[PDB]
Every structure is written in C-alpha cells, then in structure tokens.
Amino acid sequence: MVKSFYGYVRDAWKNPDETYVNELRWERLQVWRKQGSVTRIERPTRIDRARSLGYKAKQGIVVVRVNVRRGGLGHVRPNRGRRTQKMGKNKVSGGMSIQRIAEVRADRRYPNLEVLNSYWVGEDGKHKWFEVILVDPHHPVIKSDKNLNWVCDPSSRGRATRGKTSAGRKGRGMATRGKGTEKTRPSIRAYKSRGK
Amino acid sequence: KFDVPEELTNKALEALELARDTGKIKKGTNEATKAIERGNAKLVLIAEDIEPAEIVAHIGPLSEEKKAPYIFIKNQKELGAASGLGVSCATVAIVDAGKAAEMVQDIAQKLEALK
RNA sequence: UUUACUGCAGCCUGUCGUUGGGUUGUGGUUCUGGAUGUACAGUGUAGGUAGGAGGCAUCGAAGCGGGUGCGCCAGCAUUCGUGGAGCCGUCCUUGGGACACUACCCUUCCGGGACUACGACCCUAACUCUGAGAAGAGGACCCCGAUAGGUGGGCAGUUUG
RNA sequence: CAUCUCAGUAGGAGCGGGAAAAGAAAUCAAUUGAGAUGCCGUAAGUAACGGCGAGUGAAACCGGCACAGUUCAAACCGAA
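Protein sequences appear in the order of chains BM and BH.
In terms of the deposited numbering, the first sequence is residues 1 to 196.
In terms of the deposited numbering, the second sequence is residues 6 to 120.
What follows is the structure, given as structure tokens:
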C-alpha cells in the first residue's frame with residue numbers, strides 16, 4: 001500500500017480513545033478547559049479532517065475551536081397555564097444540535113467571515129469541542145481561489161445562521177432523498193415546520 | 006530510547022545537506038510517508054516540535070514497520086533549512102544519499118545501537 | 001383548598017458518561033505436572049467411548065521411606081536410591097464400566113498465570129474550593145448531562161352529573 | 001375534558017436578497033423501468049395517524065412551467 005499521512009491521521013482518530021489521542025486528549029482538555037468560548041488556532045487539530053471538509057493552507061482561512069455545554073435545551077418551566085403535554089420541559093431537548101450551536105457561536109464571534117464546516121475535536125462530561133473553518137470573502141486570496149470564490153456571493157453570507165452548512169442540512173433533514181424527506185426539502189419553513 | 010547524541014544529530018543534518026547537494030530528499034510529511042511506505046527512504050528525519058502531534062505521530066511506527074532508519078530533530082525550522090526550504094518541515098526522507106551514503110549508513114548503525 | 005383526577009417543577013435514590021493509577025477480597029476467564037477412575041479384588045488402575053485385540057524392556061520392568069501424580073501405608077510411571085521379569089487375554093478376576101506404551105477436548109489440578117462485574121482501602125494526575133501567586137484543602141468523590149423509580153397542591157390543567 | 005385539535009398557528013430570537021431556500025440520488029420504482037432541484041395540476045380527503053372519537057393527513061406514478069451541469073478531499077507529481 002501507498003497511503004497518505006492523512007490516512008494515518010484518519011486511522012488515529014477513528015477510535016481515538018484506543019489510540020494515543022486518548023492520552024493527548026487527557027493533557028489537551030486541561031488546556032482547553034482554561035480557554036474561553038471561541039479560540040483561534042494556527043493549525044487544525046485533525047489536518048486530514050480539515051482538508052476533506054475544505055480547509056486549505058492559505059490567506060483568509062481561519063480555524064477556531066468552540067466550546068459548547070452538554071445536554072439538551074436548558075429550558076424554563078412555564079409559569080402560566082399550559083396543557084399537561086406542554087408543561088413538562090426537562091426531557092425536552094432542542095432541535096438545534098450542539099455542532100450547529102458551536103458553528104453559530106463562532107459566526108457571532110467572527111462577523112466578517114462565513115462558516116464553511118466544522119468537526120468534532122473533543123468532549124468531556126460537561127463540554128464538547130468543535131473546530132469551525134471560516135472564510136474571508138473579502139480577502140484577495142479567497143477572491144482568486146476558484147474553489148472558494150463562491151463564498152463572495154451575496155447568498156453565501158449568513159450560512160451558519162440560515163442553516164446552509166452540512167450540519168445545518170443534517171439538522172434540517174436534507175441529508176437524504178426519497179422517503180422521509182417529504183416535509184423537509186426544500187425547507188423546514190416551506191411545510192410549516194412539520195418535518196423535524 | 007536514550008537521547009540521541011548532539012553530534013549524531015548534527016551528522017544527520019550534514020547528511021541532509023549533502024543529500025540536497027547530490028541525492029534525493031522528500032521534504033514534507035506526506036512525501037516522507039509515501040517514501041517510507043514505498044521503501045525508498047534511506048533516512049528519515051522527524052521534527053520534535055510538531056503541533057498537533059498527530060502530524061508525525063505515525064512516522065516512527067511506520068519506519069519501524071518498514072525497517073527505515075529514523076532520527077528526531079530538535080525542532081522543524083533547522084530541519085526545513087537542512088531540507089533547503091523557506092518554511093518549516095515536520096519530516097524529511099533522504100531517499101538518494103548521493104555521496105552521503107556512507108554517513109547515512111553510519112547514522113543508521115548508530116541509531117540501531119542506541120535503540 | 002385537599003388523603004378528587006391527571007400531570008409538571010424541586011428534592012431523594014440506582015445506572016451510564018464525566019473517570020484515572022495501585023492494593024487485596026470475591027466468578028471464571030484460560031491451561032500447564034497427572035487422565036488422577038477403585039461395588040465385587042485385581043496376574044493389572046475401564047491407560048476415557050476405542051481397528052473386541054495385540055507394543056515396549058538391564059541401551060529399563062516391581063513388591064520400600066512422609067509412598068513427588070493418586071489411593072484402602074495395595075500398585076501402576078523407574079525418578080533420590082536399592083531390590084534382580086510389568087506381557088496383551090481366544091483360562092477376559094461367569095462384564096453398572098472388562099482393560100494393547102497408540103495426537104488425554106471431558107467431574108480433577110490450587111502457577112491459576114492473564115482481561116473481567118461487585119465490594120473495601122490507598123495514590124494524584126484529572127476534576128473541585130481558597131488565594132494575585134508559591135501553595136493549602138478535598139479528590140476520581142462531589143457537581144454536571146442522560147436515563148430509572150420514588151416523594152411531591154410548591155405549581156399547571158381540569159372535573160366535581 | 002386530559003391524548004388529540006386549535007397548531008408548529010399567534011408571538012419571540014438570529015440571518016438575509018431582489019428574490020431566498022433546494023438542487024445534480026448511498027433516489028424513486030418493481031418483476032425488465034426512470035434519471036438534478038423547485039413550482040403548479042392530479043393522485044386525494046386516498047394510504048397513514050387518532051379516547052380508531054372529533055379530527056389530522058401525505059408521497060410516488062403521471063400531465064405541465066422551466067431546464068444544466070459541476071467543483072473539491074485522496075490516489076500520481078512536489079512549489080512546478
């Protein structure tokens with residue numbers, strides 16, 4: 001075989017708790033816990049994951065690590081009249097996934113960029129960590145790049161907030177075609193949010 | 006593994022210079038991995054200051070699988086310089102030794118001993 | 001309002017994750033030294049059910065010490081020794097099983113070595129509190145996420161013909 | 001009246017353009033076929049759900065409008 005080192009990074013991260021990544025995870029969550037919500041990083045933790053998701057080593061491509069709490073939609077008990085069905089909220093998790101929460105927090109932190117994609121990079125009993133790739137549509141490098149210059153279009157702005165990333169489409173139910181996508185494509189709002 | 010001697014690492018760097026002069030060097034982690042897998046790697050130099058460590062974590066076990074001598078360099082700036090490159094380099098593989106074949110085999114034997 | 005109905009918060013508690021390293025106590029995981037197997041007597045221990053008979057031996061076959069496997073201080077393997085012939089059975093010791101040194105997986109044997117679920121204790125290194133910090137105190141507990149049961153007019157919606 | 005309905009409605013928060021979203025099958029079919037997406041008609045108050053009560057409620061096929069296909073990650077090269 002002649003495999004790339006991206007393949008080895010993939011194998012190492014296939015079962016991370018059974019590889020050296022578990023120990024690295026042990027030292028590394030110590031540093032990550034001390035960090036805040038949204039941290040810029042020089043290089044992706046999983047280079048092969050970043051490159052397959054669209055990361056390139058060029059000007060205007062930023063990579064960030066976002067920390068998100070665990071569990072479901074931390075929800076308030078209603079204080080007025082409700083049905084019994086609508087009174088309970090503890091078991092009500094949201095419809096917004098943790099990955100998309102992290103993507104949207106990164107987008108909020110970086111107003112001038114657009115979220116491309118994100119990937120899981122760690123988690124503990126309280127937090128999950130994601131790495132979000134962002135693109136600068138106003139950088140000349142990105143403008144020249146013909147595989148990324150679609151992001152300079154007026155419709156590519158607000159991708160993470162409008163659900164246009166891969167995680168957003170998965171949460172919208174458009175990851176598949178055919179049966180089960182009757183109330184999801186072309187949009188959740190198009191069918192009165194009855195899908196999902 | 007005991008710490009490889011400083012003069013031995015400097016001999017490795019000199020061999021890298023001479024392989025630049027005459028032989029063949031694959032600079033970059035993907036190229037070095039391809040060379041080790043193909044079995045063309047006479048010598049492998051791996052930087053120690055790599056972040057994240059996943060980039061060159063596999064190089065050691067791969068070279069010990071394929072019987073390729075490998076050494077660790079203190080950091081990647083002078084490894085890239087020894088590979089004649091304006092950037093850093095996490096690992097290089099001398100695949101053609103030029104007139105540094107004798108010194109490369111000397112480093113290989115010394116690494117085998119120190120292992 | 002409540003020991004009306006049905007729920008929901010809060011709280012109590014089991015389990016999973018967070019969550020690591022040691023010491024022992026508990027189950028078999030897995031296998032070395034023996035196939036250790038024996039109503040009746042045995043020349044002889046069914047040498048597992050077996051080509052219902054057929055191989056070894058002074059270059060090894062025994063009557064002995066607390067008998068190294070075992071056991072009815074018998075007897076098979078020749079070992080620390082010294083004593084100077086155990087055959088297979090078509091005389092089957094009128095058969096719970098009747099027996100050739102022939103790749104022993106099998107009720108034993110206790111190196112149980114190695115992973116495992118529960119429980120007890122210890123360590124710090126994660127994690128928590130204090131401090132500007134050195135550090136101090138706790139510590140894989142607690143908090144927290146999820147799940148399971150309870151308690152629950154604290155709160156919600158109703159009913160009370 | 002509690003599941004249900006009202007209804008993902010009202011209302012809220014975020015993003016955002018002249019349109020937006022979707023978009024080139026890990027699809028739909030059924031014995032063998034079709035061939036991106038969207039929208040309209042139909043399927044049809046059918047299948048399905050439901051104190052199987054009240055009610056809620058598709059899609060495919062098919063007929064049309066308009067039609068459009070492609071770019072990365074990797075393999076090979078190695079700053080070209």
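Ideal Cβ positions, reconstructed from N, Cα and C, are used throughout, including at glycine.
#1: Starting from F77 (chain BH), trace the alpha helix (DSSP H) both ways and give me its first and last residue.
#2: From BH:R25, BH:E59 and BH:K31, pick the residue whose C-alpha is nearest to that of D11 (chain BM); which is it?
#3: When the distance is taken between beta carbons, is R105 (chain BM) closer than 9 Å to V38 (chain BM)?
#4: Compare the beta carbon distance of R49 (chain BM) and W13 (chain BM) with 9 Å and say whether it is the shorter of the two.
#5: Measure the beta-carbon distance from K31 (chain BH) to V100 (chain BH) and round it to whole angstroms, keeping in mind my assumption that it falls under 8 Å.
#6: What residue range does the beta strand (DSSP E) around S118 (chain BM) cover?
#7: Would you check if there are 3 or more beta carbon pairs closer than 8 Å linking the segment 153-162 of chain BM to the segment 78-95 of chain BM?
#8: Going straight from the alpha carbon of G28 (chain BH) to that of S68 (chain BH), what length do you get?
#9: Check each residue of the segment 12-27 of chain BM: if its Cβ is closer than 8 Å to any Cβ of chain BH, include it; give the result in chain order.
#10: What does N35 (chain BH) touch in chain BM if you count any residue whose Cβ is under 9 Å from its own?
#11: Unbroken alpha helix (DSSP H) runs of length 4 or more, entirely within the segment 47-121 of chain BM: which are they?
#12: Which of the three DSSP states, helix, strand or coil, is assigned to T96 (chain BH)?
#13: Where DSSP assigns a beta bridge to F130 (chain BM), which residues make up the other side?
#14: Taking a cut of 7 Å between CB atoms, which residues from the segment 139-159 of chain BM lie near chain BH?
#15: Report the rounded CA-to-CA distance for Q59 (chain BM) versus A160 (chain BM), giving the unit in angstroms.
#16: Listed in chain order, which residues of the segment 41-61 of chain BH have Cβ atoms closer than 9 Å to some Cβ of chain BM?
#17: With a CB to CB cut of under 7 Å and the five nearest residues on each side skipped, what residues in its chain are close to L73 (chain BM)?
#18: With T14 (chain BH) as the anchor, note down where its beta strand (DSSP E) starts and where it stops.
A quick look at the data gives this:
#1: Locating residue 77 (chain BH) in the second sequence gives position 72, counting from the first residue. Not the alpha helix (DSSP H): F77 (chain BH) falls in the beta strand (DSSP E), residues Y75 to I78.
#2: Numbered from 1 along the first sequence, position 11 holds the residue referred to as residue 11 (chain BM). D11 (chain BM) has its Cα closest to that of BH:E59, out of BH:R25, BH:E59 and BH:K31.
#3: Translated into positions along the first sequence, residue 38 (chain BM) becomes position 38. Translated into positions along the first sequence, residue 105 (chain BM) becomes position 105. Between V38 (chain BM) and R105 (chain BM), the CB-CB gap stays under 9 Å.
#4: Here the question's residue 49 (chain BM) lines up with position 49 in the first sequence. Here the question's residue 13 (chain BM) lines up with position 13 in the first sequence. A distance below 9 Å separates the beta carbons of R49 (chain BM) and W13 (chain BM).
#5: Counting from one through the second sequence, the residue named residue 31 (chain BH) turns up at place 26. Counting from one through the second sequence, the residue named residue 100 (chain BH) turns up at place 95. About 6 Å; that satisfies the 8 Å criterion.
#6: As a position in the first sequence, residue 118 (chain BM) is number 118, starting the count at 1. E114 to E123 is the extent of the beta strand (DSSP E) around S118 (chain BM).
#7: Under the Cβ criterion (8 Å, minimum of three pairs), the segment 153-162 of chain BM does not count as touching the segment 78-95 of chain BM.
#8: As a working note, residue 28 (chain BH) is residue 23 in the second sequence. As a working note, residue 68 (chain BH) is residue 63 in the second sequence. Taking C-alpha positions only, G28 (chain BH) is separated from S68 (chain BH) by approximately 20 Å.
#9: So the list reads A12, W13, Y20, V21 and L24, given in the order they occur along the chain.
#10: On the second sequence, residue 35 (chain BH) is found 30 positions in, with the first residue counted as 1. By Cβ distance, chain BM contributes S4, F5 and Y6.
#11: Listed in chain order, they are 47-53, 84-87 and 98-109.
#12: Here residue 96 (chain BH) refers to the residue found at position 91 of the second sequence. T96 (chain BH): strand per DSSP, three-state reduction.
#13: Walking along the first sequence from the start, residue 130 (chain BM) turns up at place 130. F130 (chain BM) has BM:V66 and BM:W120 as its beta-bridge partners, per DSSP.
#14: Answer set for the segment 139-159 of chain BM: empty.
#15: In the first sequence, counting from the first residue as 1, residue 59 (chain BM) sits at position 59. In the first sequence, counting from the first residue as 1, residue 160 (chain BM) sits at position 160. Cα to Cα, the separation comes out at about 21 Å.
#16: Cβ proximity to chain BM below 9 Å picks out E42, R43, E56, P57, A58, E59, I60 and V61 from the segment 41-61 of chain BH.
#17: Within the first sequence, numbered from 1, the residue matching residue 73 (chain BM) stands at position 73. So the qualifying residues of the chain are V92, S93 and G94.
#18: As a position in the second sequence, residue 14 (chain BH) is number 9, starting the count at 1. Unbroken run through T14 (chain BH) is the alpha helix (DSSP H), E11 to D26; no beta strand (DSSP E).
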